[PDB]
Amino acid sequence: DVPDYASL
Amino acid sequence: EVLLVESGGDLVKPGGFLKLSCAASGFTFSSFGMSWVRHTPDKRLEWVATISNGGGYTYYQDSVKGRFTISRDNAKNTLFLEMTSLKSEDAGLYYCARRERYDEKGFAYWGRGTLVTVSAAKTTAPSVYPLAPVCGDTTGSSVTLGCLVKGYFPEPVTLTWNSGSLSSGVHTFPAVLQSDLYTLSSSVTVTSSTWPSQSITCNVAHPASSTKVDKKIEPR
Amino acid sequence: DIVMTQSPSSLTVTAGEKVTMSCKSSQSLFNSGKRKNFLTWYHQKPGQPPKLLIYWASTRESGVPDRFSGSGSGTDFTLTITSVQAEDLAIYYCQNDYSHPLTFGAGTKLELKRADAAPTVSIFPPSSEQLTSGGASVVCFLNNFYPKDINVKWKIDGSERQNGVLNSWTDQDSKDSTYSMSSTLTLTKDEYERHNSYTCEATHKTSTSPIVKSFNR
């Protein structure tokens, strides 16, 4: 599971 | 090829709930995050929610947070959005779009859309009114007639003139909603040689309430 | 939120023209980890989903024609179509994809230029059908005109009428690029029954005076 690149 | 196919949109009364589905073919579903983007009646696009590829990070548009919930079932290649306490401002066409995990480039894969409508209105069947003139533009070359479909719910109606025969010089203006009811209007412009000799009929089927009405544009 | 501003709202174009449309974002979209500005241009044609055109402010997706160019940095990003062709007419949206929430601009709509054309105004009494069922909608269609801008005024026995008016406008027709609109004024059998002379008055570019259309009863 990986975060969204837009989750800054 | 990548495919995303939405299901679940329907007419919901405000406050209720609906649950949408999107079905992913032609990629390793499991490797990619997914989002639901909404297309409002006012034509605006709105991001609604994102879920990461494993399911343990879920991002929500602040107006949706609390009420909607995005799930996915990596086993059945399906993404979901359970939606509760639907405000009228939630109606729209909902698109699942793939999230570009490796390319970080935006929404390159979109689905087709499922339409969510939210209103407490009741299914009302239209009144089709024939709109015939007083005189053509000086009894001249053409005569423009119209048909008025007042007060129906829900959308749509299909209006044709003379069963489908007459398709040139028609204008069907979009429907406008006014206190739970719609109104639509269509014009047809035919040469004065045609009407009244030829009967021009306006036919309106409102599938949603089992209404098929046919109106002859009668002068007298 | 990053607020994305797309000016203008509409662009009138003819094919082979160079067009340019703006997108401003309230915060820079520069993602320091990829060194890219995270802005994506999309366009959408009626019925269809958006289609991704340029991402990272200037990189062109594959399959997107050579004519789309994107550029800018920080807060001002712009899209250019150097030889707009007729199949480019759609609404163009820019999107922040740098940080959550993802925000889309309002859209810039492309429309085609053609010659001015003034409206064929036509007015209609209530139908008996209607007039029996308690109400009266006097309809007035104003068809096939260009530009988009038309203004329509109702007047019952010489005075202007505000309320009771529902208007609806077509989008630019594909055959001839001309708009149309209906204005319908609803009143009661009774309210209509105590007045004569109904007028529908259009005011359009192509004229200094109103196109006035009336009926008496």
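Caption draft 1: Layout of the pattern of salt bridges. All names here are of chain B. Summed over the entire model, instances satisfying the criterion amount to 24 salt bridges over all chains. For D62, the salt bridge is made with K65, and the minimal N-O distance between the two is 3.2 Å. Overlapping salt bridges, with partners in common, bring together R38, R44, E46, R67 and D90 in one network.

Caption draft 2: Seen up close, the environment of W36 of chain B. Along the chain, the position of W36 of chain B falls in strand β4 (residues 34-39). On the accessibility criterion, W36 of chain B (0% relative accessible area) is buried.

Caption draft 3: Spatial organisation of the sheet that holds strand β17 (residues 201-206) of chain B. All names here are of chain B. Spatial ordering of the open sheet is given by β14-β17-β18, a layout of three strands whose pairing is antiparallel. A strand with exactly one partner marks an edge of an open sheet, and here the two such strands are β14 (158-161) and β18 (211-216). The average angle at which neighbouring strand axes cross in this sheet is 15 degrees, direction not considered. Bridging between β17 and β18 involves six bridges; their strand directions are antiparallel.

Caption draft 4: How the structure looks around the domain arrangement of chain B. Residue and element names in this part refer to chain B. Taken domain by domain, chain B holds domain 1 (1-120) and domain 2 (121-219). On a C-alpha basis, the centroid separation for the pair domain 1 and domain 2 is 37 Å. Contact with domain 1, which involves four residues of that partner, is made by four residues of domain 2. Approximately 300 Å² of surface area, both sides summed, lies buried where domain 1 meets domain 2, with 52% of it carried by carbon and sulfur atoms. Broken down residue by residue, the surface that domain 1 buries against domain 2 is led by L11, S119 and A120, which jointly contribute 84%. Linking domain 1 with domain 2 are zero salt bridges, by the criterion used here. Linking domain 1 with domain 2 are one residue pair in polar contact, by the criterion used here.

Caption draft 5: Spatial organisation of the state of the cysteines. Tallying each qualifying case throughout the model produces three disulfides over all chains. A disulfide bridge connects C22 of chain B with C96 of chain B, and the sulfur atoms are separated by 2.3 Å. A torsion of 85 degrees about the S-S bond marks the disulfide between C22 of chain B and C96 of chain B as right-handed. Of this pair, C22 of chain B sits in strand β3 (residues 17-25) while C96 of chain B sits in strand β9 (residues 92-98), and the two are 74 residues apart along the sequence. For the pair shown, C22 of chain B and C96 of chain B are each scored as buried. Between the sulfur atoms of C140 of chain C and its disulfide partner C200 of chain C the distance amounts to 2.4 Å. In this pair, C140 of chain C is assigned in strand β14 (residues 135-145) and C200 of chain C in strand β19 (residues 198-204), connecting sequence segments 60 residues apart. Each member of the pair, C140 of chain C as well as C200 of chain C, carries the same accessibility label: buried. If one numbers only the bonded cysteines of chain C, in the order they occur, the disulfide pattern is 1-2, 3-4. In this structure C135 of chain B is a free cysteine whose sulfur lies 16 Å from that of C140 of chain C, the closest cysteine sulfur available.

Conventions used here
Residues numbered from 1 in each chain as written, not as in the entry; some residues may be left out. Chains lettered and ligands numbered in written order. Heavy atoms only, no water. Salt bridge = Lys/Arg side-chain N within 4 Å of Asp/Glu carboxyl O. Helix = DSSP H or I, 4+ residues; strand = E, 2+ residues; numbered from the N terminus. Buried < 20%, exposed > 50% of the residue type's maximum accessible area, 1.4 Å probe, protein only. Pairing = 2+ DSSP bridges. Axes fitted to C-alpha atoms, helices over the stretch in contact; angles between N-to-C directions. Domains from an automatic or database assignment. Contact = heavy atoms within 4.5 Å. Buried area = accessible area lost by both parts, 1.4 Å probe. Polar contact = N/O pair within 3.5 Å; in protein donor to acceptor, adjacent residues only side chain to side chain. Disulfide = S-S within 2.5 Å.

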